[PDB]
Trainee: 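Let me begin by handing over the structure; questions about it come next.
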Amino acid sequence: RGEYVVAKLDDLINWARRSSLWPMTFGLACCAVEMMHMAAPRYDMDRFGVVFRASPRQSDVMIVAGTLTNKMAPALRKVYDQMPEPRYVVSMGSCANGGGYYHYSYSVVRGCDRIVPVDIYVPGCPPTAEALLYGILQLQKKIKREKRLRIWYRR
Amino acid sequence: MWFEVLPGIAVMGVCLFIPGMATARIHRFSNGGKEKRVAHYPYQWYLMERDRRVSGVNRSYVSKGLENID
Amino acid sequence: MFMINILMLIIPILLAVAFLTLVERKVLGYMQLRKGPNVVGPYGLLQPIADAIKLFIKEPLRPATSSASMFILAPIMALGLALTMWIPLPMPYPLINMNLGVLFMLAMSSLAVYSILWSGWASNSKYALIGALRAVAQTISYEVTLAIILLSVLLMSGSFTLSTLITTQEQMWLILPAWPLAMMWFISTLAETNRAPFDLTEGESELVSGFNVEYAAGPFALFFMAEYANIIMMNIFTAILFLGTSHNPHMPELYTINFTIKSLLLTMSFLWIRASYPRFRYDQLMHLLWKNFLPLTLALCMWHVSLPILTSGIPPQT
Amino acid sequence: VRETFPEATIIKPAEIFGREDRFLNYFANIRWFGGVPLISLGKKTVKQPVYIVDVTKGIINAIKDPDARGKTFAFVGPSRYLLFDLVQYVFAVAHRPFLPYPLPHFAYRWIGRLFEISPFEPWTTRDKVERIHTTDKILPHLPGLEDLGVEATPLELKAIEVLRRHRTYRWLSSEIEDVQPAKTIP
Amino acid sequence: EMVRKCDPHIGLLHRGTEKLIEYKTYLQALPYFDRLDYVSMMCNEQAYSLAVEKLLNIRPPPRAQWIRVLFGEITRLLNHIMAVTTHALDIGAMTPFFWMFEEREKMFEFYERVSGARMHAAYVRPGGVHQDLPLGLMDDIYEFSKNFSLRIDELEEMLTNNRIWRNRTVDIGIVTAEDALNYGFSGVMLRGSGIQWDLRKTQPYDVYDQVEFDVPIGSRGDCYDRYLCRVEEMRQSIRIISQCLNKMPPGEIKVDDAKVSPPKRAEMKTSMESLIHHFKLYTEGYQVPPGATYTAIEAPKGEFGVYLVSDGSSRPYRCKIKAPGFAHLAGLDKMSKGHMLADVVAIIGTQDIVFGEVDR
Amino acid sequence: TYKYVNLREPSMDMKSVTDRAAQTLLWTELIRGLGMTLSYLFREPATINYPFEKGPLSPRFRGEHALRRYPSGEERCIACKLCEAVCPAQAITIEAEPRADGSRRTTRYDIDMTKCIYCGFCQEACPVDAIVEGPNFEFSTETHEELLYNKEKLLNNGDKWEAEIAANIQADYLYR
Amino acid sequence: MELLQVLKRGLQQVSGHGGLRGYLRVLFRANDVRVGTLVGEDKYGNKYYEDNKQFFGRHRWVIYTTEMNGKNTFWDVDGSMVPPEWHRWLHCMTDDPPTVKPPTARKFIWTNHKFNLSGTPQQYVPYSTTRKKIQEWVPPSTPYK
Amino acid sequence: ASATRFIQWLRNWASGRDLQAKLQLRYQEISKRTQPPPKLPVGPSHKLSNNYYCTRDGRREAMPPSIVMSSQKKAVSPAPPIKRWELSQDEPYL
Ligand SMILES: CCCCCCCCCCCCCCCCCC(=O)OC[C@H](COP(=O)(O)OCCN)OC(=O)CCCCCCCCCCCCCCCCC
Ligand code: SF4
Ligand code: SF4
Ligand code: SF4
């Protein structure tokens, strides 16, 4: 039965991908400090298989951790496009979510979702390191629910 | 705790043990239960070639003792 | 049977490399007051499997500006030559018994450098080029001292055959009469494997990812496997050179167990060192080797030519 | 469709070219097989390809245009080309060597089935080969893009946008005016 | 890899903070200062509060002044841990970051217990502080401070005498005392070159004149001396914190003047005057007499000041923020002359730059 | 007062010079650094087992917003708009009118949680403890729209979280 | 010898979880095999434990239920499953568990706690809660003209 | 705190410090997470008499700047020269 085989292969590729999320070493402002605390010993993101890698070529997740300005927007889009696929975007904190404290400024992008597609929004200013971790585990469960091979089988 | 790093070390240790163990056992299997003959110099290869001729079965690891001298 | 012997060499190597990645992450983690992987499989035992699968179903990228053929060739060279470095290793019996096994390992290590130069150059990007030229500097730094350090040790063993080192050290480890050379050998292997505090060709905090910055997915995994394979192999070489294990011909597995423990501990010391020190500047590495090790290595090469002769303890040629 | 929904707007585009098309990208990807097979060497086929943005703007104007209800439009580009001249232009813009050779219809069909075996997205098919070598109909009786206010975009102004990524590093930076256009069937 | 020119292009985190403030009441503008040097949150709040308290011609109560110095010095510990360990992280020593960020995490808890926020407390306000310390907080700060010097001792074991660390930082990025002054440097960027200057000693604020501490001074003006100064400033911060724990006085924690500081919630719900003042302070906000002040503090990164222009209403007319890192980064090209690429990595770290304040 | 951080002349006697030579040749200070990371290997790690274990928080923690009620079930909010006036981010939007019983109550109460800076000014300004920041911090969403809270969402939050919110207010209201 | 006592403690943990099956369940569900004192259990099946000899942060924990509100949570668990009354104790905002210090009862407090519903058909969708502002003129339904 | 005697000795020796006296993990020495209620004091203006606001009004004491010169003897410095700092007696040299 192909349905059974593709279902199990979906679980494997999904499991491999959520178990090995490598965020891009990419942070913008104060939200990036709480992201540092998620890597720090109390939360130890690395224990979930979540490992920062500087090169976009070797990253699976972009965590937009801070305010995105108009001057920075093209560079953020550039390094997101240079991520191979599958790739995911986590929006962290009010600034990245929708502009936040600087929403009405002439120099700020009102939410990073105007520039890139976003999989998870983590609320807070900043979200606590635990809140960000909750967002990463929420991303993992979203990847767990993906049905790439089951949909291909029924195409 | 630190001893939770051991399981990965044990798995890594087992994998590094296999190549040496396998090579030693494969050598005995392919040389009639003995170490593979080592031929670093022409003299040793000459003796091994003579063993192959003397064996009667074209195997330099098949030894012939006094039973073969009349 | 020989084809089976080859497979029972490189498949375990790849498995040991995969689980070394877990061990480094755990060892580094606990030295950093955290745990490292402990979710993906019990105690993180499945973490390497997820990473490998992840990378190989990830999209590989060929950069627009890149030289296509060289870009693909370089990672193949890296892993293929990393595996080649293992075939003459006596554990206690080598897969390929060589007369000049040490000279074979020197040559194969020199050839492997071109997998860094060509990957960096073929990428056609500035951080990759900077990383590649750091490898040129690194090789210039350590290569001369490394060969002459080996020579001094081999003047006590008498040959370039790796199995002879087992005979040489039957009574005593060579680290006793050659601990100064063992110290300089150990640092050179860190520079040879591009390891901290000599991780300059990658130099993450400086070059993002250096020579492999444009590599993704499966091609990236090949460079990673090659590096960790070389870390283990270079520390097996060190164990044979300086901490020789006794070989009982009728119980060869006792050698393997003892020799494996020594190789593991030496590999752990690489992880230990990475956790402890800052990084050299790549000109300071060149001056370390040329202005410190090389003067001392030249003097000790003179001493180890004379010492066998004046003590009447020259090793046998055979 | 015209029976179920009599007031529908039916739009009939020629082959549409754009960044993610299966047209200019399809020809440029023939380069991995060396020469470029063509039925009758592409001298018997004529195409009038239309830019993606033109079709898009035509759809958007049809929504807002009350006159568009119940009509049938034909969206064609400004120029008609011989299939041979079009593919020659594609390889010139991409700076790839162009080695056209003649392949008869039955031979091209046989290879089409070869690629149909793929359970994924076939690189080509028998049906695809047919449509590429079909002449683009001339339909003067139907309204076109100009009837909806869209001014058709020439292929000469947008081919580089689609085909720049098909070049090697040597030719990446070549500018739009470096390649001479294709003969347009007047 | 020789650096022939450094051209910092900033503005990638410019968010028009100074323009936004013109549309806020003085209270509403206070949280913007948490997000400048977003590693020294409560120190930025204190500088803004001192400027407003100066234009208002009011004084915060003694207990609030002691709390401000206590949490100013805890904030200096937060800043120096981030400055030193990321500096080491860039230079390749990744392990101290992890040991010391567990300490940062414990100090984040102190922030959360007084304000309910781990970082952007919005706790220090013109008039005093927002709330009094919860019962039991000072015992836990004391327990933290008892052990912290050992954590500094472990950091120094890894770096201070390490020959690799010294090779990366000794004689790197030398700035002369004269150049440092003309380039507008401040803080450790002056004291590493031997200049004897620290605004807590020379132009003291809330209760810094009542505590005893030593200013560390360098002798070579390079990265290594500036690293030693930051390490010794952490030890002195612990020394100051000890005195604040012992000398904390009783009393109220915001100015007893309900035309500036809001009344207590119980008063607001009983007294007509208190309700009116609560209503007006949270809508129109207190008006500030017209005037202009430049007020500066010894922030962890250097001299942090505000040029605050009041037009007489309840919203500032102009608020110019002087970020110490702005002048420091302008000196990067000067300091990087003759150095290699990896030395520029070290020099960026030795300036201790956060772009929330450089760009605003 | 000041102190010099780096101003010391090494002793030039034979023992000291030979101590420094041993340090240079035998890498003693580098070996000492190895001892420190070794001691950490054998220390219990600081990591907690999230989500089965949680980082500590206090009653003052500022998290997700909620609209509260009196014990009778009546809404506390009487549409004074103090929270909307003080909001540093202009994240609050309010409309009000007389209710069918003449009560002064809101018909709109939106908080744009992507504008909000989670500063707590709104709960300070509220005269009746209607709007609070609760203790929840695990409400990340998959879409932006899910963070634009209207009054129905905020009342549900209050009903959902009131048991914890009331206990937290009880613990801290004497500090306010 | 302590190394022998350590093994007994680790071997005891297998019995403290009711045998190898229960031990392996908690090892694979929570990656932790510690045994604590059962502080209490909520109506959804979550079990709460303390061990005050553990360091602060590790001294309280929850073993989440295997099913909640009709969802299978044997493998899929998340911090939002903790109900509010236990949330305060689990995050150390209070010393007293709700078994000892019960929360005050109100007729409007949710009887059934809901976890994070994002990405499901129960998710929140924003909308304007106000009525139409301008009433438009409606023409008559008869031809008088 | 649960480290065996041998492990305590090992890390004590490697670090060169007695690490058990100043552990970086917190146990029972921390404050209880429930505390008795406070009873905060009031400020100096909480009086029923002799408390007229006009006598304690800081804002209304602010005055416009003093015009020293406008376009409508010994030399001076802005202040006395700064006194030279003293070396610390706690630890003059690090
Ligand atoms: C009978 C008569 C006998 C005659 C023979 C007598 C010979 C013995 C006496 C000679 C001295 C023996 C020791 C020689 C060892 C090599 C010494 C050396 O080169 O190190 C010094 C080197 C100098 O660099 P630096 O300190 O920066 O300053 C130099 C100024 N130009 O500094 C360095 O190299 C620092 C290296 C930095 C990188 C270190 C990272 C790893 C550190 C941990 C390694 C631990 C050692 C492990 C050894 C394991 C071996 C298996
Ligand atoms: S959301 Fe808050 S903490 Fe994050 S970058 Fe913006 S202001 Fe800073
Ligand atoms: S917490 Fe602050 S920003 Fe958020 S709604 Fe309340 S007043 Fe506005
Ligand atoms: S929530 Fe409070 S402050 Fe806001 S309008 Fe309602 S009653 Fe007024």
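Note that these values count all heavy atoms, side chains included, but never hydrogens, waters or copies made by symmetry. Just so we're on the same page: letters track the sequence lines, and every chain starts at 1. Each ligand, and each atom within it, is numbered from 1 in the order the structure gives.
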Trainee: What class does the angle between the rings of C/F198 and C/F280 fall in, given that below 30° is parallel, 30 to 60° is tilted and above 60° is perpendicular?
Mentor: tilted
Trainee: What protein N/O/S atoms lie closer than 2.8 Å to atom 2 (Fe) of ligand 2?
Mentor: A/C125 SG
Trainee: Strictly under 6.0 Å, is that where the ring centroids of F/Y149 and F/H65 end up?
Mentor: no
Trainee: So with a 6.0 Å cut-off around CZ of F/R32, is the heavy-atom count from everything else above 12?
Mentor: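 Incorrect, the count does not exceed 12.
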Trainee: Can you tell me the protein heavy atom closest to atom 5 (C) of ligand 1 and the distance?
Mentor: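 Nearest protein contact, heavy atoms only, for atom 5 (C) of ligand 1 is C/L300 CD2, 4.3 Å.
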Trainee: Would C/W179 count as a contact residue for ligand 1, given that I'm defining contact as a non-hydrogen atom of the residue lying under 4.0 Å from a ligand atom?
Mentor: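 Checking ligand 1 against C/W179, which is what was asked, there is a heavy-atom contact under 4.0 Å.
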Trainee: Measuring centre to centre across the rings, with the benzene-like ring taken for any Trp, is E/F355 within less than 6.0 Å of E/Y38?
Mentor: no
Trainee: Going by atom types only, do C/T245 and C/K262 share a side-chain donor-acceptor pair under 3.5 Å?
Mentor: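 C/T245 vs C/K262: donor-acceptor pair found between side chains.
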Trainee: Between the candidates C/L294, C/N292, C/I187, which shows the shortest non-hydrogen contact distance to atom 31 (N) of ligand 1?
Mentor: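 The option holding the nearest heavy atom is C/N292.
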Trainee: Considering only protein heavy atoms, which is closest to atom 8 (Fe) of ligand 4, and at what distance to one decimal place?
Mentor: F/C80 SG, 2.3 Å
Trainee: Can A/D113 and A/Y121 be counted as having a side-chain donor-acceptor contact under 3.5 angstrom?
Mentor: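 A pair is found: one side chain offers a donor N or O, the other an acceptor, under 3.5 Å apart.
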Trainee: What protein heavy atom sits nearest atom 6 (Fe) of ligand 4, and how far off is it?
Mentor: F/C77 SG, 2.3 Å
Trainee: How far is atom 5 (S) of ligand 4 from its nearest protein heavy atom, and which residue and atom is that?
Mentor: F/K81 N, 3.0 Å
Trainee: Provide, to 0.1 Å, the distance between atom 49 (C) of ligand 1 and the closest protein heavy atom, together with that atom's residue and name.
Mentor: C/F186 CG, 3.9 Å
Trainee: Is it true that the side chains of E/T160 and E/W165 contain a donor and an acceptor less than 3.5 Å apart?
Mentor: no
Trainee: Quiz question for you: does at least one protein heavy atom lie closer than 4.0 Å to atom 15 (C) of ligand 1?
Mentor: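 So atom 15 (C) of ligand 1 has protein heavy-atom neighbours under 4.0 Å.
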Trainee: Applying a heavy-atom cut-off of 4.0 Å, say which part of F/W27 lies close to ligand 1: side chain, backbone, both or neither.
Mentor: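 Side chain only.
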Trainee: Side chain, backbone, both or neither: which part of F/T106 comes within less than 4.0 Å of ligand 4 when only heavy atoms are counted?
Mentor: neither
Trainee: Measure F/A79 to ligand 4 on non-hydrogen atoms and call it side chain, backbone, both or neither using the 4.0 Å cut-off.
Mentor: backbone
Trainee: How about C/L289 and C/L294: do any of their side-chain heavy atoms sit closer than 4.5 Å?
Mentor: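 C/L289 does not reach C/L294 side chain to side chain.
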Trainee: For residues E/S40 and E/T75, is any side-chain donor paired with an opposing acceptor at under 3.5 Å?
Mentor: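 Short answer, no.
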Trainee: Tell me which protein heavy atom sits closest to atom 51 (C) of ligand 1, plus the residue, atom name and distance to 0.1 Å.
Mentor: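 Checking every protein heavy atom, the shortest distance to atom 51 (C) of ligand 1 gives C/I175 CD1, 4.0 Å.
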Trainee: Provide the number and element of each atom of ligand 1 under 4.0 Å from a heavy atom of F/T24.
Mentor: 20 (O), 21 (C), 26 (O)
Trainee: Among protein heavy atoms, which lies nearest atom 32 (O) of ligand 1, and at what distance?
Mentor: E/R163 NH1, 3.0 Å
Trainee: Counting each atom of ligand 1 from 1 as listed, which ones have a heavy atom of C/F293 under 4.0 Å away?
Mentor: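 Close to C/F293: 18 (C), 19 (O), 34 (O).
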Trainee: Kindly compute the distance separating CD1 (F/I78) from CZ (F/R105), expressed to the nearest 0.5 Å.
Mentor: 7.5 Å
Trainee: Among all protein non-hydrogen atoms, which one is nearest to atom 50 (C) of ligand 1, and what is the separation to 0.1 Å?
Mentor: C/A182 O, 3.8 Å
Trainee: With a cut-off of 4.0 Å, which atoms of ligand 1 are near a heavy atom of C/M183?
Mentor: 15 (C)
Trainee: Right, does atom 26 (O) of ligand 1 have protein non-hydrogen atoms nearer than 4.0 Å?
Mentor: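 So atom 26 (O) of ligand 1 has protein heavy-atom neighbours under 4.0 Å.
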Trainee: Nearest protein heavy-atom contact for atom 2 (Fe) of ligand 4: which residue, which atom, what distance?
Mentor: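 Checking every protein heavy atom, the shortest distance to atom 2 (Fe) of ligand 4 gives F/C126 SG, 2.3 Å.
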Trainee: Relative to ligand 4, is F/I92 under 4.0 angstrom through side chain, backbone, both or neither, heavy atoms considered?
Mentor: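 Neither; no heavy atom under 4.0 Å.
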Trainee: Could you pull out, from C/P295, F/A22, C/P180, the option with a heavy atom nearest to atom 7 (C) of ligand 1?
Mentor: C/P180
Trainee: Under the 4.0 Å line, does any protein heavy atom show up next to atom 9 (C) of ligand 1?
Mentor: no
Trainee: Quick one: does ligand 1 sit under 4.0 Å from the side chain of C/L243, the backbone, both or neither, non-hydrogen atoms only?
Mentor: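 Looking at C/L243 and ligand 1, no heavy atom falls under 4.0 Å.
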Trainee: Please determine, by modelled atom types, if F/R108 and G/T129 share a side-chain donor-acceptor pair under 3.5 angstrom.
Mentor: no
Trainee: Using heavy atoms and a 4.0 Å limit, tell me yes or no: is C/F242 in contact with ligand 1?
Mentor: no
Trainee: Assess, by modelled atom type and distance only, whether the side chains of C/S263 and C/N235 contain a donor and an acceptor separated by less than 3.5 Å.
Mentor: no
Trainee: Using the salt bridge (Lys or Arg N to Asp or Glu O under 4.0 Å) rule, collect all pairs that involve residues 291-309 of chain C, keeping only residues at least two apart or in two chains.
Mentor: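 Qualifying pairs, neighbours excluded: none.
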Trainee: For F/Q90, I'd like to know if atom CD has over 12 heavy atoms of other residues, nucleotides or ligands within 6.0 Å.
Mentor: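 Counting neighbours around CD of F/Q90, 12 or fewer heavy atoms of other residues, nucleotides or ligands fall under 6.0 Å, so no.
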Trainee: List ligand 4 atoms under 4.0 Å from F/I94, heavy atoms only on the residue side.
Mentor: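 Counting atoms of ligand 4 from 1, those under 4.0 Å from F/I94 are 5 (S).
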Trainee: With no hydrogens and no angle check, do the side chains of F/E64 and F/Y118 hold a donor and an acceptor under 3.5 Å apart?
Mentor: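 No, because no side-chain N or O of F/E64 sits under 3.5 Å from a partner of the opposite role on F/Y118.
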Trainee: Within the 4.0 Å heavy-atom shell around F/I131, which atoms of ligand 4 are there?
Mentor: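 Going through ligand 4 atom by atom, the ones under 4.0 Å from F/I131 are 1 (S).
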Trainee: What residue and atom, counting heavy atoms only, is the protein's closest point to atom 1 (C) of ligand 1, and at what distance?
Mentor: C/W303 CZ2, 4.1 Å
Trainee: Working to the nearest 0.5 angstrom, can you tell me the gap between F/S140 OG and A/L132 CG?
Mentor: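 One finds 9.0 Å between OG of F/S140 and CG of A/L132.
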Trainee: Considering only the protein, which heavy-atom contact is closest to atom 11 (C) of ligand 1, and what is its distance?
Mentor: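 Sorting protein heavy atoms by distance from atom 11 (C) of ligand 1 puts F/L25 CD1, 4.0 Å first.
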Trainee: Suppose I only count heavy atoms of F/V128 and a 4.0 Å limit; which atoms of ligand 4 are within that range?
Mentor: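 Result: 7 (S).
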Trainee: Would you call the rings of F/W27 and C/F293 parallel, tilted or perpendicular if under 30° counts as parallel and over 60° as perpendicular?
Mentor: parallel
Trainee: Give me the nearest non-hydrogen protein atom to atom 45 (C) of ligand 1 as residue plus atom name, then the distance to 0.1 Å.
Mentor: F/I31 CD1, 3.7 Å
Trainee: Identify which one of F/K151, F/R99, F/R68 satisfies the side chain to side chain donor-acceptor pair (under 3.5 Å) criterion when paired with F/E75.
Mentor: F/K151
Trainee: Could you point out which residue of C/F186, C/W185, C/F259, C/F242 forms a ring pair (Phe, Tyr, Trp, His ring centres under 6.0 Å) with C/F237?
Mentor: C/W185
Trainee: At less than 4.0 angstrom from any non-hydrogen atom of F/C83, what atoms of ligand 4 do you find?
Mentor: 1 (S), 3 (S), 4 (Fe), 5 (S)
Trainee: Looking only at the side chains, is there a donor atom on one of E/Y224 and E/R166 sitting less than 3.5 Å from an acceptor on the other?
Mentor: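 On atom types as modelled, these side chains qualify, holding a pair under 3.5 Å.
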Trainee: Quick one: do F/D129 and E/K269 satisfy salt bridge (charged side-chain N to carboxylate O under 4.0 Å, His left out)? Show the steps, please.
Mentor: CA-CA 11 Å; F/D129 307 7; E/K269 292 184 202 205; 3.2 Å; yes
